[PDB]
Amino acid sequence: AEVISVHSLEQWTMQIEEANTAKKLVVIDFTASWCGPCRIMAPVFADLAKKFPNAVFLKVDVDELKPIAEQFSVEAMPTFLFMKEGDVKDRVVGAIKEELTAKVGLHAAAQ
């Protein structure tokens, strides 16, 4: 499985609605190109996506898709947001590899 980069509101809408229909966890990496910690977490996030094919891993550039960043009050990067069927389940703020890994394991399992 791969990380899906979302570059438009249309793409966001399509990914979220398809995930919601399939009732699967969505994990969103809110990122910025200039942000150092974001570069550090890119491989960690991509690795987790391969390890958890039942969940959808999305990448959102906060400068590219401002309404989506604003929707979730994202002003710190990287922010990893966990969402299932319209509800925010968790958030990880910063380059915390252990916390991100643990929370993906917690939320991606059968509920």
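When you see a residue number, it is the position in the sequence shown, counting from 1.
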Can you work out whether the C-alpha temperature factor of residue 6 puts it in the lowest, middle or highest third of the chain?
lowest
Which third, lowest, middle or highest, does the CA B-factor of residue 20 fall in along this chain?
middle
Cα B factor band for residue 42 (lowest, middle or highest third within the chain)
middle
Split the chain's modelled residues into thirds by Cα B-factor; is residue 58 in the lowest, middle or highest one?
lowest
Select lowest, middle or highest to describe the third in which the CA B-factor of residue 65 falls within its chain in this entry.
middle
